[PDB]
$ cat run34.txt   # compact mmCIF, C-alpha atoms
# COMPACT_ATOMS: atom_id res chain seq x y z
CA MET A 1 -192.42 -114.53 82.81
CA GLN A 2 -193.21 -116.91 85.68
CA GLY A 3 -196.49 -116.25 87.48
CA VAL A 4 -198.93 -117.59 90.06
CA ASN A 5 -202.70 -117.38 89.67
CA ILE A 6 -205.20 -118.44 92.32
CA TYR A 7 -208.77 -119.55 91.66
CA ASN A 8 -211.49 -120.68 94.04
CA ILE A 9 -213.70 -123.20 92.27
CA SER A 10 -216.98 -124.06 93.95
CA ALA A 11 -218.48 -127.51 93.41
CA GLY A 12 -220.19 -127.60 90.03
CA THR A 13 -218.54 -124.53 88.51
CA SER A 14 -215.71 -123.76 86.12
CA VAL A 15 -213.29 -120.88 85.58
CA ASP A 16 -211.37 -119.39 82.67
CA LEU A 17 -207.65 -119.02 83.35
CA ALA A 18 -206.04 -115.56 83.33
CA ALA A 19 -202.87 -117.22 82.10
CA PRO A 20 -203.26 -120.43 80.08
CA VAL A 21 -201.51 -123.62 81.15
CA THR A 22 -199.12 -125.04 78.59
CA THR A 23 -196.09 -127.29 78.27
CA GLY A 24 -193.84 -127.02 81.29
CA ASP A 25 -196.61 -125.53 83.45
CA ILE A 26 -198.32 -126.83 86.59
CA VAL A 27 -201.75 -126.69 88.23
CA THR A 28 -202.64 -127.90 91.74
CA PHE A 29 -206.11 -128.33 93.17
CA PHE A 30 -206.18 -127.96 96.97
CA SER A 31 -209.02 -129.46 99.01
CA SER A 32 -209.69 -128.72 102.69
CA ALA A 33 -211.37 -132.12 103.02
CA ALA A 34 -210.80 -135.76 102.12
CA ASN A 35 -214.18 -137.49 102.44
CA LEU A 36 -213.26 -141.02 101.30
CA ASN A 37 -216.51 -142.38 102.70
CA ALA A 38 -218.85 -139.93 100.94
CA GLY A 39 -222.23 -140.84 99.46
CA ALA A 40 -222.74 -142.86 96.29
CA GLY A 41 -221.45 -141.27 93.10
CA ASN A 42 -223.70 -141.02 90.05
CA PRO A 43 -221.28 -142.60 89.26
CA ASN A 44 -218.80 -139.76 89.83
CA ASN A 45 -218.20 -138.41 93.33
CA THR A 46 -215.90 -135.75 91.90
CA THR A 47 -214.42 -134.74 88.56
CA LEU A 48 -211.49 -132.37 87.96
CA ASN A 49 -211.10 -131.16 84.38
CA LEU A 50 -208.68 -129.24 82.16
CA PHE A 51 -210.44 -127.77 79.09
CA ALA A 52 -209.13 -126.49 75.76
CA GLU A 53 -210.60 -123.35 74.17
CA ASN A 54 -213.14 -125.31 72.10
CA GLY A 55 -214.47 -127.06 75.19
CA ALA A 56 -212.56 -130.28 74.60
CA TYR A 57 -211.76 -132.31 77.73
CA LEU A 58 -207.95 -132.23 77.58
CA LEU A 59 -207.90 -134.18 80.85
CA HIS A 60 -210.91 -135.60 82.75
CA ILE A 61 -210.13 -137.00 86.21
CA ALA A 62 -213.13 -138.81 87.71
CA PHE A 63 -213.11 -140.09 91.29
CA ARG A 64 -215.54 -142.99 91.83
CA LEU A 65 -215.70 -144.39 95.36
CA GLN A 66 -218.34 -147.08 94.74
CA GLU A 67 -216.52 -148.47 91.70
CA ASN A 68 -213.39 -147.68 93.71
CA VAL A 69 -211.39 -146.29 90.82
CA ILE A 70 -210.06 -143.03 89.39
CA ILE A 71 -210.60 -142.61 85.68
CA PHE A 72 -208.40 -140.52 83.38
CA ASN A 73 -209.73 -139.74 79.90
CA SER A 74 -210.23 -137.11 77.17
CA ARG A 75 -212.70 -136.20 74.39
CA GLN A 76 -213.71 -133.52 71.94
CA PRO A 77 -216.81 -131.43 72.73
CA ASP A 78 -218.96 -133.29 70.18
CA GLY A 79 -217.06 -136.56 70.30
CA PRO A 80 -217.17 -139.83 72.28
CA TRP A 81 -215.00 -140.49 75.31
CA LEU A 82 -211.67 -141.92 74.20
CA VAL A 83 -209.45 -144.64 75.69
CA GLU A 84 -209.73 -144.53 79.46
CA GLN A 85 -206.87 -145.19 81.87
CA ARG A 86 -207.76 -146.54 85.32
CA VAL A 87 -206.16 -146.35 88.76
CA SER A 88 -207.82 -148.75 91.22
CA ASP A 89 -208.34 -148.00 94.92
CA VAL A 90 -209.20 -144.35 95.55
CA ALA A 91 -208.50 -144.33 99.29
CA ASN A 92 -205.01 -145.75 98.78
CA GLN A 93 -203.90 -142.90 96.51
CA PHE A 94 -204.67 -140.42 99.31
CA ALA A 95 -203.13 -142.57 102.06
CA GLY A 96 -200.78 -140.75 104.41
CA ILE A 97 -202.65 -137.46 104.49
CA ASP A 98 -206.18 -137.07 105.85
CA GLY A 99 -208.57 -134.18 106.44
CA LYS A 100 -207.28 -132.54 103.25
CA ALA A 101 -205.87 -133.29 99.82
CA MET A 102 -204.16 -131.90 96.75
CA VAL A 103 -204.09 -133.08 93.15
CA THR A 104 -201.32 -131.83 90.87
CA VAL A 105 -201.21 -131.93 87.09
CA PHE A 106 -197.98 -131.27 85.24
CA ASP A 107 -198.36 -130.57 81.55
CA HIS A 108 -195.31 -132.25 80.00
CA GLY A 109 -196.25 -131.55 76.39
CA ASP A 110 -196.73 -135.18 75.38
CA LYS A 111 -198.11 -136.35 78.73
CA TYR A 112 -199.94 -135.14 81.82
CA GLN A 113 -198.36 -136.29 85.07
CA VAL A 114 -200.93 -136.45 87.84
CA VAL A 115 -199.83 -136.53 91.47
CA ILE A 116 -202.17 -137.11 94.43
CA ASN A 117 -200.47 -135.39 97.40
CA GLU A 118 -196.90 -136.69 96.92
CA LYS A 119 -197.74 -139.81 94.92
CA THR A 120 -197.59 -139.82 91.14
CA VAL A 121 -200.59 -141.94 90.13
CA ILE A 122 -200.21 -141.81 86.37
CA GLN A 123 -198.10 -140.60 83.45
CA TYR A 124 -201.09 -140.01 81.17
CA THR A 125 -200.04 -139.99 77.53
CA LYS A 126 -202.22 -137.30 75.92
CA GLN A 127 -205.07 -138.22 73.56
CA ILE A 128 -205.69 -134.56 72.72
CA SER A 129 -203.13 -131.73 72.72
CA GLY A 130 -203.24 -127.99 73.26
CA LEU A 131 -203.36 -125.25 75.88
CA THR A 132 -205.62 -125.51 78.92
CA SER A 133 -207.79 -122.38 78.95
CA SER A 134 -210.24 -123.35 81.69
CA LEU A 135 -210.72 -125.61 84.70
CA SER A 136 -213.69 -127.14 86.48
CA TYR A 137 -214.49 -129.05 89.66
CA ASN A 138 -217.84 -130.84 89.48
CA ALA A 139 -219.60 -132.60 92.35
CA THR A 140 -222.70 -132.33 94.55
CA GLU A 141 -222.83 -130.85 98.05
CA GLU A 142 -223.52 -134.31 99.47
CA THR A 143 -221.18 -136.81 97.78
CA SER A 144 -217.92 -135.02 96.87
CA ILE A 145 -214.61 -136.37 98.09
CA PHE A 146 -213.38 -132.77 98.33
CA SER A 147 -214.40 -129.59 100.14
CA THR A 148 -217.27 -127.44 98.79
CA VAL A 149 -214.68 -125.08 97.31
CA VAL A 150 -211.40 -126.30 95.82
CA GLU A 151 -208.55 -123.83 95.45
CA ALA A 152 -206.67 -124.13 92.17
CA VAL A 153 -203.20 -122.59 91.88
CA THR A 154 -201.43 -122.45 88.53
CA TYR A 155 -197.73 -121.84 87.98
CA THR A 156 -197.25 -120.59 84.43
CA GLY A 157 -194.55 -119.30 82.11
CA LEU A 158 -192.22 -121.97 83.53
CA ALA A 159 -190.67 -123.65 80.45
CA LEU A 160 -186.90 -124.08 80.99
CA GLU A 161 -184.83 -126.02 78.44
CA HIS A 162 -181.11 -126.70 78.07
CA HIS A 163 -180.16 -127.38 74.45
CA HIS A 164 -177.29 -129.79 73.73
CA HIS A 165 -176.21 -130.10 70.09
CA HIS A 166 -174.29 -133.09 68.72
CA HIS A 167 -172.92 -133.74 65.23
CA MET B 1 -188.18 -136.81 87.37
CA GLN B 2 -190.72 -134.17 88.40
CA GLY B 3 -192.29 -134.65 91.81
CA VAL B 4 -194.30 -132.98 94.56
CA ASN B 5 -193.28 -132.93 98.20
CA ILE B 6 -195.39 -131.66 101.11
CA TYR B 7 -194.04 -130.52 104.49
CA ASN B 8 -195.87 -129.19 107.55
CA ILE B 9 -193.59 -126.69 109.28
CA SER B 10 -194.44 -125.57 112.81
CA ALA B 11 -193.35 -122.07 113.78
CA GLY B 12 -189.81 -122.17 115.12
CA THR B 13 -188.70 -125.30 113.29
CA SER B 14 -186.97 -126.38 110.11
CA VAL B 15 -187.30 -129.33 107.75
CA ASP B 16 -184.84 -131.16 105.52
CA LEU B 17 -186.14 -131.60 101.98
CA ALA B 18 -186.47 -135.10 100.54
CA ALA B 19 -185.67 -133.62 97.15
CA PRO B 20 -183.52 -130.47 96.81
CA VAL B 21 -184.69 -127.26 95.15
CA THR B 22 -182.43 -126.10 92.34
CA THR B 23 -182.66 -123.87 89.25
CA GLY B 24 -186.10 -123.95 87.64
CA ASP B 25 -187.77 -125.40 90.73
CA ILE B 26 -190.50 -123.98 92.98
CA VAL B 27 -191.36 -123.82 96.68
CA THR B 28 -194.58 -122.33 98.10
CA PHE B 29 -195.46 -121.74 101.73
CA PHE B 30 -199.17 -121.90 102.54
CA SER B 31 -200.66 -120.19 105.58
CA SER B 32 -204.21 -120.66 106.87
CA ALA B 33 -203.99 -117.17 108.39
CA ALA B 34 -202.98 -113.60 107.54
CA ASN B 35 -202.59 -111.62 110.75
CA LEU B 36 -201.51 -108.22 109.43
CA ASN B 37 -202.24 -106.63 112.80
CA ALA B 38 -200.37 -109.03 115.07
CA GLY B 39 -198.30 -106.24 116.58
CA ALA B 40 -194.56 -105.56 116.51
CA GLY B 41 -192.11 -108.34 115.71
CA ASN B 42 -188.99 -109.02 117.78
CA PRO B 43 -187.89 -107.54 115.43
CA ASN B 44 -189.40 -110.02 112.96
CA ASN B 45 -193.06 -111.08 113.05
CA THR B 46 -192.29 -113.95 110.69
CA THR B 47 -189.32 -115.27 108.71
CA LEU B 48 -189.16 -117.83 105.89
CA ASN B 49 -185.77 -119.30 105.00
CA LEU B 50 -184.22 -121.45 102.27
CA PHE B 51 -180.99 -123.15 103.42
CA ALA B 52 -178.09 -124.59 101.46
CA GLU B 53 -176.67 -128.00 102.44
CA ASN B 54 -173.91 -126.31 104.47
CA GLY B 55 -176.34 -124.23 106.52
CA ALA B 56 -175.99 -120.98 104.59
CA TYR B 57 -179.11 -118.78 104.41
CA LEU B 58 -179.67 -118.64 100.63
CA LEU B 59 -182.82 -116.55 101.02
CA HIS B 60 -184.11 -114.99 104.22
CA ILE B 61 -187.56 -113.36 104.02
CA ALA B 62 -188.52 -111.36 107.10
CA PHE B 63 -191.82 -109.60 107.69
CA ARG B 64 -191.87 -106.64 110.06
CA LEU B 65 -195.23 -105.00 110.65
CA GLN B 66 -193.96 -102.21 112.94
CA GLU B 67 -191.58 -101.26 110.12
CA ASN B 68 -194.18 -101.96 107.45
CA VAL B 69 -191.54 -103.72 105.37
CA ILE B 70 -190.50 -107.10 103.99
CA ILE B 71 -186.76 -107.76 104.11
CA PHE B 72 -184.73 -110.12 101.93
CA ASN B 73 -181.11 -111.03 102.64
CA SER B 74 -178.60 -113.90 102.83
CA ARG B 75 -175.68 -114.90 105.06
CA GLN B 76 -173.20 -117.66 105.86
CA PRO B 77 -174.01 -119.53 109.09
CA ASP B 78 -170.97 -118.04 110.87
CA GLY B 79 -171.02 -114.78 108.94
CA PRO B 80 -172.94 -111.47 108.95
CA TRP B 81 -176.11 -110.60 107.09
CA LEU B 82 -175.18 -109.32 103.62
CA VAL B 83 -176.71 -106.46 101.57
CA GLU B 84 -180.31 -106.07 102.76
CA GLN B 85 -183.12 -105.60 100.21
CA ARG B 86 -186.40 -103.99 101.31
CA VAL B 87 -189.97 -103.78 99.99
CA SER B 88 -192.40 -101.46 101.80
CA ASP B 89 -196.16 -101.72 102.38
CA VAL B 90 -196.70 -105.22 103.79
CA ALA B 91 -200.48 -104.90 103.51
CA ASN B 92 -200.47 -104.04 99.81
CA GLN B 93 -198.59 -107.27 99.08
CA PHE B 94 -201.33 -109.46 100.60
CA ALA B 95 -204.18 -107.28 99.29
CA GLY B 96 -207.02 -109.17 97.61
CA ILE B 97 -206.92 -112.24 99.83
CA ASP B 98 -207.87 -112.41 103.51
CA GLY B 99 -207.81 -115.11 106.16
CA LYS B 100 -204.98 -116.95 104.41
CA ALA B 101 -201.95 -116.37 102.19
CA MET B 102 -199.23 -118.06 100.17
CA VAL B 103 -195.59 -117.20 99.50
CA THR B 104 -193.95 -118.65 96.40
CA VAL B 105 -190.26 -118.67 95.59
CA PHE B 106 -189.03 -119.45 92.09
CA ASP B 107 -185.37 -120.42 91.80
CA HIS B 108 -184.22 -118.79 88.58
CA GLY B 109 -180.56 -119.66 89.16
CA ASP B 110 -179.09 -116.16 89.32
CA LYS B 111 -182.15 -114.77 91.06
CA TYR B 112 -184.98 -115.76 93.39
CA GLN B 113 -188.43 -114.56 92.33
CA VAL B 114 -190.74 -114.12 95.34
CA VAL B 115 -194.53 -113.99 94.89
CA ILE B 116 -197.12 -113.23 97.57
CA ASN B 117 -200.40 -114.77 96.47
CA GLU B 118 -200.47 -113.55 92.84
CA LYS B 119 -198.12 -110.56 93.20
CA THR B 120 -194.39 -110.67 92.50
CA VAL B 121 -192.80 -108.71 95.36
CA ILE B 122 -189.17 -108.85 94.31
CA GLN B 123 -186.69 -110.26 91.80
CA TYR B 124 -183.89 -110.89 94.31
CA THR B 125 -180.45 -111.19 92.76
CA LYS B 126 -178.66 -113.94 94.68
CA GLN B 127 -175.82 -113.11 97.08
CA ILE B 128 -175.09 -116.80 97.67
CA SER B 129 -175.83 -119.52 95.12
CA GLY B 130 -176.43 -123.27 95.35
CA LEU B 131 -179.12 -125.88 96.03
CA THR B 132 -181.73 -125.50 98.77
CA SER B 133 -181.72 -128.56 101.07
CA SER B 134 -183.88 -127.35 103.94
CA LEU B 135 -186.48 -124.76 104.94
CA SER B 136 -187.61 -123.06 108.14
CA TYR B 137 -190.40 -120.81 109.43
CA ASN B 138 -189.78 -118.78 112.59
CA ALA B 139 -192.13 -116.76 114.72
CA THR B 140 -193.78 -116.62 118.13
CA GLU B 141 -197.31 -117.86 118.79
CA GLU B 142 -198.82 -114.42 119.30
CA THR B 143 -197.08 -112.19 116.75
CA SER B 144 -196.67 -114.28 113.58
CA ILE B 145 -198.47 -112.96 110.51
CA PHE B 146 -199.06 -116.60 109.54
CA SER B 147 -200.67 -119.67 111.12
CA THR B 148 -198.96 -121.77 113.80
CA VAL B 149 -198.25 -124.36 111.12
CA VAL B 150 -197.19 -123.51 107.57
CA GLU B 151 -197.40 -126.07 104.76
CA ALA B 152 -194.46 -126.00 102.34
CA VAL B 153 -195.01 -127.61 98.94
CA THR B 154 -192.07 -128.11 96.58
CA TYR B 155 -192.14 -128.86 92.85
CA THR B 156 -188.78 -130.26 91.82
CA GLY B 157 -187.02 -131.83 88.84
CA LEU B 158 -188.67 -129.29 86.56
CA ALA B 159 -185.75 -128.21 84.36
CA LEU B 160 -185.18 -130.31 81.24
CA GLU B 161 -182.16 -131.16 79.08
CA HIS B 162 -182.85 -131.27 75.34
CA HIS B 163 -180.38 -133.17 73.14
CA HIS B 164 -180.10 -132.41 69.42
CA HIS B 165 -178.22 -134.71 67.03
CA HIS B 166 -177.22 -133.44 63.58

$ encode --input "run34.txt" --output "structure tokens"
Amino acid sequence: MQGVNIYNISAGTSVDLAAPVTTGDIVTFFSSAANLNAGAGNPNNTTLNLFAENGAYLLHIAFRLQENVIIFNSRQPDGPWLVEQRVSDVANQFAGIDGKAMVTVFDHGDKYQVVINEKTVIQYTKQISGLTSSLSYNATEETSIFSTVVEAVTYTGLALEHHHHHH
Amino acid sequence: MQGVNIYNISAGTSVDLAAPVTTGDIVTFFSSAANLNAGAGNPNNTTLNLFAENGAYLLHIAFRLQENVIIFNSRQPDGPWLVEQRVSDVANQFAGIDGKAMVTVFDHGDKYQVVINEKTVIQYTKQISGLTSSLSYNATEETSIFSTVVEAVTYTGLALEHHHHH
């Protein structure tokens, strides 16, 4: 059935989900800060990640202020990064809301829809499929664009289809 | 198309949704406070409402500390409250999380599923159906169990239609 799970992810840590995220499900990362003028990334200021059971990066979201771009990518645990998708201008994606921020990922089965606050920034066609079993928020205490602790809320068991048959 | 909408609702006000909440959709109210010792309501400490286009109260959630209960009901704007549903032990529902809280409502079509933080408090069978076009959060400054401003986040356009051709 439908359920809500809340996790508090501190910068540089990861967490296993009590209920996995699958097709039709949603996860939102809430930040109590929006530091768009933070220190220099190395090159990442912040990364948000959805991992499969084997450690594969189902979705890697990297926020780079200096390069001024958000990178979306995937890869297997022992493999090379795959084909990256870029969204230029980090500040612009968060425009409208300051002092806080939220990033939402919808798992649509074939694609991951990422929304920054109320703006959909990409319809990321998946490069690797499967259930998300863990999440992570990685950054340093001096250059993250988000608060020290990011609250992740997952809405699972959602899948609702309406079958129409034609012959 | 699926989308996320964010609304800051001050106590004692309502907001019209940019995208309606229908079957399969979600709405969550976030509070930066959890004042479970705010005193007696008048009679409500806090209420959260989902309104239909015509003003009907599709779902009315009322928290009463002095009664140690959470009430769920519906009504037409010019009509009386209908059959009241109650859930006792307000504290137990918010147990586990302090200093903040979140209330999630799932629209299942024939029922509204309400979740406080991670706990499902009630599977409310609807007494009035339809789409939710607006929301409201009412309370006084000194006795609300939530923060002066509540942030409502809606996830809409979630249900999908699957066509099969044979």

$ interface_residues --input "run34.txt" --of "chain A" --to "chain B" --cutoff "9 Å" --atoms "only C-alpha atoms" --output "ChimeraX atom specification"
/A:2-6,24,104,106,113,115-120,158-167

$ closest_residue --input "run34.txt" --among "B:103, B:128, B:76, B:66" --to "residue B:88" --atoms "all atoms listed in the file"
B:66

$ atom_distance --input "run34.txt" --atom1 "atom CA of residue B:121" --atom2 "atom CA of residue B:74"
16.9 Å

$ residues_around --input "run34.txt" --residues "residue A:146" --least-positions-apart "4" --cutoff "10 Å" --atoms "all atoms listed in the file" --output "count of residues only"
20

$ residues_around --input "run34.txt" --residues "residue A:149" --least-positions-apart "4" --cutoff "7 Å" --atoms "only C-alpha atoms" --output "ChimeraX atom specification"
/A:8-11

$ atom_distance --input "run34.txt" --atom1 "atom CA of residue B:68" --atom2 "atom CA of residue B:110"
27.5 Å

$ atom_distance --input "run34.txt" --atom1 "atom CA of residue A:154" --atom2 "atom CA of residue B:109"
21.1 Å

$ closest_residue --input "run34.txt" --among "A:13, A:74, A:37, A:22" --to "residue A:56" --atoms "all atoms listed in the file"
A:74

$ closest_residue --input "run34.txt" --among "B:15, B:70, B:139, B:34" --to "residue B:85" --atoms "only C-alpha atoms"
B:70

$ closest_residue --input "run34.txt" --among "B:47, B:31, B:14, B:37" --to "residue B:138" --atoms "only C-alpha atoms"
B:47

$ residues_near_point --input "run34.txt" --point "(-197.9, -131.1, 81.8)" --cutoff "9 Å" --atoms "all atoms listed in the file" --output "tab-separated table (two decimals) with C-alpha atoms, keeping the file's coordinate frame"
chain	number	residue	atom	x	y	z
A	21	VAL	CA	-201.51	-123.62	81.15
A	22	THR	CA	-199.12	-125.04	78.59
A	23	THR	CA	-196.09	-127.29	78.27
A	24	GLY	CA	-193.84	-127.02	81.29
A	25	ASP	CA	-196.61	-125.53	83.45
A	26	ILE	CA	-198.32	-126.83	86.59
A	27	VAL	CA	-201.75	-126.69	88.23
A	105	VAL	CA	-201.21	-131.93	87.09
A	106	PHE	CA	-197.98	-131.27	85.24
A	107	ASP	CA	-198.36	-130.57	81.55
A	108	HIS	CA	-195.31	-132.25	80.00
A	109	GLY	CA	-196.25	-131.55	76.39
A	110	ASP	CA	-196.73	-135.18	75.38
A	111	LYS	CA	-198.11	-136.35	78.73
A	112	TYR	CA	-199.94	-135.14	81.82
A	113	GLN	CA	-198.36	-136.29	85.07
A	114	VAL	CA	-200.93	-136.45	87.84
